[PDB]
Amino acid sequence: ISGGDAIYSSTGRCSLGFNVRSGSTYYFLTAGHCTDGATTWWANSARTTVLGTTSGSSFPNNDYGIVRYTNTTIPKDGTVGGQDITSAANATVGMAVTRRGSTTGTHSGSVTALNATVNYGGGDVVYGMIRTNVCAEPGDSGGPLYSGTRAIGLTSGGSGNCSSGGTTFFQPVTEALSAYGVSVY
């Protein structure tokens, strides 16, 4: 399984952002709104291939979560679809970026702003977000935002759609890597 692939929890479907590790322990990153209140994660709709269990979740305020792999056999590619990822980096205005998600696949665009606040309502407010003109649709949450071989962010939310165009905000990946003490591989 790689970045962008579907992940299923008891509640719904999200997308895997990036495969990471600390020492000999492997995990994956995804959106915190996906890990919130989720325990177990599976690789298929059937819930027959177990991936692991939630280890952390930060939402609202931030939008990152992390799942510890419990499945020994499933291959864990440090990629995004077949695109290799070798580092993480901070986003910048006008940076060309690409998103991959389980519903829409890969779409590209640019970073239009930094430090945005996004109000999802009901007290769910997230801060420090990267704004881009890349579209995203339901099921794409937590998928990777990358640039080249650089990990950039995790899909959080936005508006519009892929047919007419839209705006997507991502969580900076560096901040998530730092909080959990993990790294891309």
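We number the residues from 1 along the sequence you see.
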Task: Comparing 41-49 with 56-64, the one whose average Cα B-factor in the PDB entry is higher - done: 41-49
TODO: Name the higher of the two by mean Cα B-factor in the PDB entry, 167-175 versus 9-17.
DONE: 9-17
TODO: Could you tell me which one of 138, 158, 122, 143 shows the highest CA temperature factor in the PDB record?
DONE: 122
- [ ] For the C-alpha B-factor as written in the entry, point me to the maximum among 103, 79, 106, 87.
- [x] 79
Task: Cα B factor band for residue 98 (lowest, middle or highest third within the chain) - done: lowest
TODO: Ordered by C-alpha B-factor within the chain, which third holds residue 114? Give me lowest, middle or highest, please.
DONE: middle
Open item on the list: Can you tell me whether residue 147 has a C-alpha B-factor in the lowest, middle or highest third compared with the other modelled residues of the same chain?
Closed with: middle
Task: CA B-factor ranking of residue 127, expressed as a third of its chain - done: lowest
